[PDB]
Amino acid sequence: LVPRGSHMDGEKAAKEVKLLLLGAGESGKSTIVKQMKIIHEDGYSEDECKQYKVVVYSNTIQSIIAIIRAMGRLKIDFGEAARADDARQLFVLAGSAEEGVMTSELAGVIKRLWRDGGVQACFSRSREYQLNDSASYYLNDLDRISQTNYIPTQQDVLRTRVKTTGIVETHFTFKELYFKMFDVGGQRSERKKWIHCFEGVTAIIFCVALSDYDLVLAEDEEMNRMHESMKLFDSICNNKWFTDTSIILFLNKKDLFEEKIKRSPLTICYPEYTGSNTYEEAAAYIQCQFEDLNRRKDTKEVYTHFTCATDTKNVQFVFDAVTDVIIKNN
């Protein structure tokens, strides 16, 4: 009889990293959670992907409906009058794919609408109704996603937009560190829950949608999205809870920002900006706008990264650097 050894068996306890994802809606937080799942975890199994079929269809239909309604609000006519009929059917059949089944009729409606010239004229002005950034992804792949045998690919799942009700968490192991990553939205909660959420936080990743710089304001909004995010990041940087915390800034959606900066002047967001409307200088200006909100720059540093949260390779690289920083400060 050989007495059994210790349960640990010579293994040390893993160091735990409490990481908080913060940022305004649509900044890329949940996309980063899903990227963590893809990179440092199992990925997504077919039983997991089949679950997102209904979500893919719902996001597609909601996006095309948002564009169609925007057309009515913006006084944009259809390129071909026939499309009106299609539009009507889209509202009749909007709930047809709740069973995960997109009928051929609905697919034809969406295809004929997405083809129209007026619908594309409205899509190009998407900034006037804050269209979500996954619309074109699904709509341009309509032929593929419409098939009956269709199962969402991993990139299809990254692009889904899901409503968050409770505690969105993911866990993984990276560089012998146990990461507890919590996605924190804008929901209202009890103060004790916030105290528990902000206690012992090792790192914060604050996500900022650069491409939100030119979006119109919704009614009763006191300021544009970029300035809302600047307000949030100010409160984050200069708070007592996070004096110990590593503050990381993900200037996300750089791929969309690069295409936008050509057509849309940064002055829409920052009227004082006198620089050029190029990717490099506008990006530097936004970076400095957020960084200068740090009112204790000597004692505390802000680690800034430009990211495309939907690009798994870029996210992997950036998170490797982020983890190096976390280790350095521990």
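All residue numbers refer to positions in the sequence shown, first residue = 1.
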Between 305-313 and 11-19 (mean CA B-factor, as deposited), the higher: 11-19
If you take the mean CA temperature factor per stretch, which one wins between 130-138 and 166-174? 166-174
Considering only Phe179, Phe206, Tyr213, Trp241, which residue's Cα atom bears the greatest B-factor as recorded? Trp241
Among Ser235, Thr245, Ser229, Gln89, which carries the highest Cα B-factor? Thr245
Quick tally, chain-level thirds of C-alpha B-factors: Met223 sits in the middle
Using the B-factors in the PDB entry, rank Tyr279's C-alpha atom against the chain and give the third, lowest, middle or highest. lowest
Based on the deposited C-alpha B factors for this chain, I'd like to know if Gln120 is in the lowest, middle or highest third. middle
Of the three thirds of the chain ranked by Cα temperature factor, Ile64 occupies the lowest
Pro265: which third of its chain by C-alpha temperature factor? middle
